[PDB]
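Here the structure is laid out as structure tokens; the discussion comes afterwards.
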Amino acid sequence: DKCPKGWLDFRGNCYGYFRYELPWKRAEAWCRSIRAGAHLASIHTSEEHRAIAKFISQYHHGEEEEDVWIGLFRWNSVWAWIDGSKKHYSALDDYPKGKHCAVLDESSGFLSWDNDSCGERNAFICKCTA
């Protein structure tokens, strides 16, 4: 199926980057509204991780870079994907504080993931099947 306009098509999924700074739950609502079946992105392989990082880094020649919400959230002490997919691959290193939602970390060129407070405003990335 054709990807939404401007979305990256990579190995059977589509990825849409949004530089609008929203709290995690609003970001997730936004993604769901774009297309049925879309959610904040899950990342299941290093190659997918690498492709997403490249895609975000090319946004505006890499000038505007900020942390980017993904679909990993902590609940009942466990990290999981909001899209319901199984978690295996991870680039998230406790922070036993109230930081229960994950971002791609800009300062590492989106190599590492970090946990942020869910009410923090960040850019975000959506994913749907291609």
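Identifiers for the structure tokens are assigned positionally: chains receive A, B, ... in sequence, residues are indexed from 1 per chain, and ligands are indexed from 1 in the order shown.
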
**Message:** If we count only C-alpha atoms and set the cut-off at 8 Å, which residues sit around segment 54-62 of chain A, ignoring sequence neighbours fewer than 2 positions away in its own chain? Please answer as JSON, numbers by chain.
**Reply:** {"A": [8, 17, 50, 51, 52, 64, 65, 109]}

**Prompt:** Which residues, written as a PyMOL selection string, have at least one atom at most 9 Å from segment 10-14 of chain A, with only C-alpha atoms counted and residues fewer than 4 positions away on the same chain left out?
**Reply:** chain A and resi 2-4+48+51-52+126-130

Just to be explicit: take each residue in the selection above, keep N, CA, C and O atoms, and write the result as a PDB file, in the first residue's frame.
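The resulting file, out-v4.pdb, is reproduced below:
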```
ATOM      1  N   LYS A   2       0.418   2.285  -0.698  1.00  0.00           N
ATOM      2  CA  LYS A   2       1.164   3.557  -0.737  1.00  0.00           C
ATOM      3  C   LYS A   2       1.267   4.190   0.680  1.00  0.00           C
ATOM      4  O   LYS A   2       0.266   4.258   1.393  1.00  0.00           O
ATOM      5  N   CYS A   3       2.467   4.631   0.986  1.00  0.00           N
ATOM      6  CA  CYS A   3       2.765   5.320   2.247  1.00  0.00           C
ATOM      7  C   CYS A   3       2.127   6.703   2.250  1.00  0.00           C
ATOM      8  O   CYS A   3       1.832   7.279   1.199  1.00  0.00           O
ATOM      9  N   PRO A   4       1.853   7.247   3.457  1.00  0.00           N
ATOM     10  CA  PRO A   4       1.436   8.642   3.510  1.00  0.00           C
ATOM     11  C   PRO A   4       2.465   9.529   2.844  1.00  0.00           C
ATOM     12  O   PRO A   4       3.647   9.230   2.796  1.00  0.00           O
ATOM     13  N   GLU A  48      16.436  -1.210  10.937  1.00  0.00           N
ATOM     14  CA  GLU A  48      15.312  -0.284  11.037  1.00  0.00           C
ATOM     15  C   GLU A  48      15.714   0.933  11.852  1.00  0.00           C
ATOM     16  O   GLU A  48      15.419   2.073  11.463  1.00  0.00           O
ATOM     17  N   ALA A  51      17.913   3.125   9.722  1.00  0.00           N
ATOM     18  CA  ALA A  51      17.168   3.808   8.640  1.00  0.00           C
ATOM     19  C   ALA A  51      16.383   4.980   9.202  1.00  0.00           C
ATOM     20  O   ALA A  51      16.319   6.066   8.577  1.00  0.00           O
ATOM     21  N   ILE A  52      15.786   4.824  10.372  1.00  0.00           N
ATOM     22  CA  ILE A  52      15.009   5.903  11.008  1.00  0.00           C
ATOM     23  C   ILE A  52      15.939   7.030  11.409  1.00  0.00           C
ATOM     24  O   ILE A  52      15.636   8.256  11.190  1.00  0.00           O
ATOM     25  N   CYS A 126       5.906   8.443  13.647  1.00  0.00           N
ATOM     26  CA  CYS A 126       4.807   7.515  13.483  1.00  0.00           C
ATOM     27  C   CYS A 126       5.209   6.409  12.534  1.00  0.00           C
ATOM     28  O   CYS A 126       6.138   6.539  11.754  1.00  0.00           O
ATOM     29  N   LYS A 127       4.509   5.260  12.627  1.00  0.00           N
ATOM     30  CA  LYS A 127       4.788   4.125  11.777  1.00  0.00           C
ATOM     31  C   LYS A 127       3.449   3.456  11.398  1.00  0.00           C
ATOM     32  O   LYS A 127       2.548   3.362  12.200  1.00  0.00           O
ATOM     33  N   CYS A 128       3.420   2.977  10.158  1.00  0.00           N
ATOM     34  CA  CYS A 128       2.290   2.130   9.734  1.00  0.00           C
ATOM     35  C   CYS A 128       2.789   1.143   8.733  1.00  0.00           C
ATOM     36  O   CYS A 128       3.895   1.257   8.204  1.00  0.00           O
ATOM     37  N   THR A 129       1.979   0.097   8.433  1.00  0.00           N
ATOM     38  CA  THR A 129       2.397  -0.878   7.433  1.00  0.00           C
ATOM     39  C   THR A 129       2.375  -0.297   6.029  1.00  0.00           C
ATOM     40  O   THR A 129       1.563   0.545   5.718  1.00  0.00           O
ATOM     41  N   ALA A 130       3.332  -0.711   5.188  1.00  0.00           N
ATOM     42  CA  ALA A 130       3.448  -0.156   3.836  1.00  0.00           C
ATOM     43  C   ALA A 130       2.531  -0.897   2.886  1.00  0.00           C
ATOM     44  O   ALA A 130       1.394  -1.238   3.243  1.00  0.00           O
TER      45      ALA A 130
END
```

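Closest approach to residue 38 of chain A among A:19, A:71, A:87, A:25: A:71, based on only C-alpha atoms.
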
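Closest approach to residue 89 of chain A from the set A:125, A:106, A:47, A:27 is made by A:47, with distances taken over only C-alpha atoms.
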
**Message:** For the structure I just gave you, how does DSSP split segment 9-117 of chain A - specifically, which residues are alpha helix (DSSP H)? Reply as a list in words.
**Reply:**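 Residues of segment 9-117 of chain A classed as alpha helix (DSSP H): residues 24, 25, 26, 27, 28, 29, 30, 31, 32, 33, 34, 46, 47, 48, 49, 50, 51, 52, 53, 54, 55, 56 and 57 of chain A.
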
As a CSV table (one decimal) with N, CA and C atoms, in the first residue's frame, please: the residues near residue 101 of chain A (cut-off 12 Å, only C-alpha atoms, same-chain neighbours under 3 positions excluded).
```
chain,number,residue,atom,x,y,z
A,23,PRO,N,3.2,16.3,24.0
A,23,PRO,CA,3.3,15.2,25.0
A,23,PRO,C,3.1,13.9,24.4
A,24,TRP,N,3.7,12.8,25.0
A,24,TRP,CA,3.7,11.5,24.4
A,24,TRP,C,2.2,11.0,24.0
A,25,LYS,N,1.3,11.2,24.9
A,25,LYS,CA,-0.1,10.7,24.6
A,25,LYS,C,-0.8,11.4,23.5
A,27,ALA,N,1.0,12.8,21.0
A,27,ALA,CA,1.6,12.3,19.8
A,27,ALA,C,1.1,11.0,19.4
A,28,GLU,N,0.8,10.1,20.3
A,28,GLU,CA,0.2,8.8,20.0
A,28,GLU,C,-1.2,9.0,19.3
A,40,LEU,N,2.8,5.6,17.2
A,40,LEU,CA,4.2,5.9,17.4
A,40,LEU,C,5.0,4.7,17.1
A,67,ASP,N,15.0,15.8,20.4
A,67,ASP,CA,14.6,14.4,20.8
A,67,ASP,C,13.3,14.0,20.2
A,68,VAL,N,13.1,12.7,19.9
A,68,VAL,CA,12.0,12.3,19.2
A,68,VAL,C,11.3,11.1,19.9
A,69,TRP,N,10.0,11.3,20.3
A,69,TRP,CA,9.2,10.2,20.9
A,69,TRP,C,9.1,9.1,19.9
A,70,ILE,N,9.3,7.8,20.5
A,70,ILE,CA,8.9,6.6,19.9
A,70,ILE,C,7.8,5.9,20.7
A,71,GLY,N,7.4,4.7,20.3
A,71,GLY,CA,6.2,4.2,20.9
A,71,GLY,C,6.5,3.3,22.1
A,72,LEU,N,7.6,3.4,22.8
A,72,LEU,CA,8.0,2.6,24.0
A,72,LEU,C,7.6,3.3,25.2
A,73,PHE,N,6.8,2.6,26.1
A,73,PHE,CA,6.4,3.2,27.3
A,73,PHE,C,6.5,2.2,28.4
A,74,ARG,N,6.6,2.7,29.6
A,74,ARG,CA,6.7,1.8,30.8
A,74,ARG,C,5.4,1.8,31.5
A,75,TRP,N,5.0,0.6,31.9
A,75,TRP,CA,3.7,0.4,32.7
A,75,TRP,C,3.9,-0.9,33.5
A,77,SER,N,6.0,-1.5,35.6
A,77,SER,CA,7.4,-1.7,35.7
A,77,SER,C,8.1,-2.3,34.4
A,78,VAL,N,7.4,-2.5,33.4
A,78,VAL,CA,7.9,-3.1,32.1
A,78,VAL,C,7.8,-2.1,30.9
A,79,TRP,N,8.8,-2.1,30.1
A,79,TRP,CA,8.7,-1.4,28.8
A,79,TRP,C,8.1,-2.2,27.7
A,80,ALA,N,7.2,-1.6,27.0
A,80,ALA,CA,6.5,-2.2,25.9
A,80,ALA,C,6.2,-1.3,24.7
A,81,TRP,N,5.8,-1.8,23.6
A,81,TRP,CA,5.4,-1.0,22.4
A,81,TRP,C,3.9,-0.7,22.4
A,82,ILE,N,3.6,0.6,22.2
A,82,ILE,CA,2.1,0.9,22.2
A,82,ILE,C,1.4,0.3,21.1
A,92,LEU,N,17.6,1.3,24.7
A,92,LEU,CA,17.3,2.0,26.0
A,92,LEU,C,18.2,1.3,27.1
A,94,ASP,N,17.6,2.4,34.4
A,94,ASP,CA,16.4,2.7,35.2
A,94,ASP,C,15.9,4.1,35.0
A,95,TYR,N,16.6,5.1,35.4
A,95,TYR,CA,16.0,6.4,35.9
A,95,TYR,C,14.7,6.0,36.6
A,97,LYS,N,13.0,7.5,38.3
A,97,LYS,CA,12.1,8.7,38.5
A,97,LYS,C,10.9,8.4,37.7
A,98,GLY,N,10.1,9.4,37.6
A,98,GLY,CA,8.8,9.3,36.9
A,98,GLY,C,9.0,9.6,35.4
A,104,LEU,N,14.1,8.8,21.0
A,104,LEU,CA,15.4,8.8,20.3
A,104,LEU,C,16.2,10.0,20.8
A,113,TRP,N,18.5,5.4,22.9
A,113,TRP,CA,17.2,5.8,23.4
A,113,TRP,C,17.3,6.3,24.8
A,114,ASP,N,16.4,7.2,25.3
A,114,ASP,CA,16.4,7.7,26.6
A,114,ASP,C,15.0,7.7,27.1
A,115,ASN,N,14.8,7.8,28.4
A,115,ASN,CA,13.4,7.9,29.0
A,115,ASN,C,13.2,9.3,29.4
A,116,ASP,N,12.0,9.8,29.1
A,116,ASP,CA,11.6,11.2,29.4
A,116,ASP,C,10.2,11.1,30.1
A,117,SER,N,9.9,12.2,30.8
A,117,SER,CA,8.6,12.3,31.4
A,117,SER,C,7.5,12.4,30.3
A,118,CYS,N,6.4,11.7,30.4
A,118,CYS,CA,5.4,11.6,29.4
A,118,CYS,C,4.8,12.9,29.0
A,119,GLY,N,4.8,13.9,30.0
A,119,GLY,CA,4.2,15.2,29.7
A,119,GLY,C,5.1,16.1,29.0
A,120,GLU,N,6.4,15.8,28.8
A,120,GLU,CA,7.3,16.6,28.1
A,120,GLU,C,6.9,16.7,26.6
A,121,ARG,N,7.2,17.9,26.0
A,121,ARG,CA,6.9,18.1,24.6
A,121,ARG,C,8.1,17.7,23.8
A,122,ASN,N,7.9,16.8,22.9
A,122,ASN,CA,9.0,16.4,22.0
A,122,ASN,C,8.4,16.2,20.6
A,124,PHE,N,8.2,13.7,17.2
A,124,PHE,CA,7.8,12.3,17.3
A,124,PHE,C,7.8,11.7,15.9
```

**Request:** as a list in words, list the residues of segment 16-120 of chain A assigned to strand (DSSP E) by DSSP on the backbone atoms of this structure.
**Result:**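 Matching residues, listed in order: residues 16, 17, 18, 19, 20, 21, 22, 39, 40, 68, 69, 70, 71, 72, 73, 74, 75, 78, 79, 80, 81, 101, 102, 103, 104, 113, 114, 115 and 116 of chain A.
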